[PDB]
Number of protein chains: 2
Amino acid sequence: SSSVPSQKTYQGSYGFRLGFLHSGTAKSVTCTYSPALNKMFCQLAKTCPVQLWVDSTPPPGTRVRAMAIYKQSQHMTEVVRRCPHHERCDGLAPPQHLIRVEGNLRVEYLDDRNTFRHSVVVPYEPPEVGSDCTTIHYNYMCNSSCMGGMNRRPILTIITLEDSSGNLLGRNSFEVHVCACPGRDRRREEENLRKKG
Amino acid sequence: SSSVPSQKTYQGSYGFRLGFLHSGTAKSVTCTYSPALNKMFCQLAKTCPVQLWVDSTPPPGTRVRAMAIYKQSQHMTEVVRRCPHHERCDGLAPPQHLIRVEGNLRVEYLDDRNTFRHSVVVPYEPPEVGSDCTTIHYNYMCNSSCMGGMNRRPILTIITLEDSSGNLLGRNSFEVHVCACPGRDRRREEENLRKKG
DNA sequence: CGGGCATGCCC
DNA sequence: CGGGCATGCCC
Ligand SMILES: [Zn+2]
Ligand SMILES: [Zn+2]
C-alpha cells in the first residue's frame, strides 16, 4: 500500500482551475464532461482535452503534473496502474502508466521511488495572446472496467501546478470513467444522481 | 498462426468415450454438463471431473492428453492461452497453460515446439475392479470471457488416448464455457437451442 | 450510429 | 443462494 497524495482542491494565489470542452450527443462520443458530477467520461487511448485557466501568470519553469488515484476510501492506498493485458499491448510512456500526454516534446513520465505512483508532467505554457486558457491532451490507456487494473473502480485525475522548486501552486481534480460508450454512461449517471442521489 | 489438431471424434478399437457427472440445480454450480450441447459449463480453477470409458483395455504405457482449441473457424489457428492477468496471478503447471490436472503425480505439461500449443498429459489408469471408468480432475484457469485470453470465444477440449509410441488410439472432444455462473449459462444456452437453434 | 445481449459480480 | 446491474461489443 502507498501513501495517498492530496486531492483537496487548492485554486491558490494564481486562481488555477480546469475547463473542459462541450461534446456531441452520441452514445459513443470520444470524450464528454459532466459538470454536475465533476466527471470526465472518455474512451481509452483517445484524446481528452483539459484546459488550464489561471488569473495570474505562473512563474517561468512552472510544471503541470497529472496523476490518477482511486476515489473510494477502500482503494485509495492502491497504485493506479495499466492492466496486464494493455501493458503487454509511443516511445516515451512506460507501458505500465495509465495516463499519457500527446503532442508534447517535453513530456516526462515519473515513477515515485517512495510511493511507487505514476505521474506525467509537462511544462506550463501561458495561453497565446487573445486566448483564455492552455489545453493539454491526455490519454487514458485502460478502461475503468479493465480486469487486473482499475476493475470497475472509479478514479480521480489530480492536476497540480508546481513551480520548478517543487512548491504547490494549485491543485484541482476530476473523476474519470474510461469506457466504450461515454455518452451512454454519462447520461445514465446523471439520471441516477437526479433519481436517487 | 498455428496448424490445428483434429477434433474429429474417433472412438477407435478400444471403444473410447467420455462421461460426465450429474450436477445440482444451483445458478453457480461449480461444474455442469449439457448432453444436448456436448458442452461443459464450469467455474475457473475449480474441479471438472471427466470420466474415461473404454470397451477394451489399452496397452501398458498409454497416455491421456488434453488440449484446448478455439471452436470457431476464424479462431481455430490461434493458440489457446491464459490471459495476461491470470498468468501473472501449483508448482508444475506453467503460468501460461489454461488446462491443469489436479491430484496426479505423473502429470506432464507440454509446449509443442512446432505449433506452440499447450497440452497436459497423464498416464491412463484402468478402472478399479467393479468400477466402469477412470476419472481425471481438470481445472480451467481462465473464464471464457477473459480479456486478452479467450475473450468470449468458445473452446473445445480435445482428449486423446495415445499409446507410448505416439499412436492415436482414441479421440473425443467437448465444448467448454468457463464462467461465474455455470447453471445460469447452461440453462440459457439450452433454452436458446430449443427456441431458435 | 443507437438498440440490445452476455457475464462478472454487487459490499 | 438467486435477483439484477454495468459495460464491452455484436459480425
Ligand atoms: Zn486495460
Ligand atoms: Zn484469465
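Remember, it's 1-based here, ligands and their atoms both numbered in the order they're listed. We use all heavy atoms of the structure for the numbers below, so side chains are in, but hydrogens, waters and symmetry mates are not. Per chain, numbering begins at 1; letters A, B, ... match sequence-line order.
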Legend entry - Output field: ring centroids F174(B)/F20(B) closer than 6.0 Å: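 Yes: the rings meet the under 6.0 Å criterion.
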
Legend entry - Evaluation steps, side chain to side chain contact (heavy atoms under 4.5 Å, CB included), between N38(A) and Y33(A): CA-CA 7 Å; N38(A) 182 32; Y33(A) 176 79; 2.7 Å; yes

Inset, instruction - Tell me yes or no: between the side chains of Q43(A) and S28(A), is some donor less than 3.5 Å from an acceptor? - result: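 Checked: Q43(A)/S28(A) side chains show no N/O donor-acceptor pair below 3.5 Å.
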
Inset, instruction - Please work out which of the three classes, parallel, tilted or perpendicular, describes the rings of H118(B) and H97(B), given edges at 30° and 60°. - result: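 Aromatic pair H97(B)/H118(B) classed parallel.
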
Legend entry - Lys NZ or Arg CZ of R153(B) over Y70(B) ring: under 6.0 Å, within 45°: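 Satisfied, under 6.0 Å and within 45°.
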
Legend entry - Protein N, O or S atoms under 2.8 Å from the Zn ion (ligand 1):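 Excluding waters, the total comes to 4.
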
Inset, instruction - From the options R63(A), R100(A), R65(A), select the one residue that forms a salt bridge (charged side-chain N to carboxylate O under 4.0 Å, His left out) with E108(A). - result: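 Answer after filtering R63(A), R100(A), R65(A): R63(A).
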
